[PDB]
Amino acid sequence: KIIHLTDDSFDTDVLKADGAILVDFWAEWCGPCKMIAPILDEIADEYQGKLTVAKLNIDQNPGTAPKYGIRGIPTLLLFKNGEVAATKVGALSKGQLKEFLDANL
């Protein structure tokens, strides 16, 4: 259910998505990133229908994050028609993420 993005598919998979897309900017060496990973795997299942969860590894895809002034990871960007609708940085818990998604969806 989770979309594995790349620098070259980011534009059409996210910016032209036409729908709600939660993008997770992460890295294999970040503690918090590993923490929230399993939470996203489930958030995708549940919210399937009104939201798409996508991940972008900033090491393998170094060109996208800079355009959003990424200052910390994991960075969670909720995209809405090619425009950031909301941003939250940190390993939020299951509930917290839900609170965030319900409040912006």
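Residue positions are given as counts along the sequence shown, with the first one as 1.
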| property | result |
| --- | --- |
| 45 to 53 set against 67 to 75, stretch whose average Cα temperature factor tops the other in the entry | 45 to 53 |
| Average Cα temperature factor in the PDB entry - higher stretch of 57 to 65, 35 to 43 | 35 to 43 |
| Third assignment of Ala86 from its chain's C-alpha B-factors | highest |
| Where the record places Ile2 (Cα B-factor, split into thirds across the chain) | middle |
| Assigned third (lowest, middle, highest) for the C-alpha B factor of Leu15 | middle |
| Third of chain Cα B-factors occupied by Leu92 | middle |
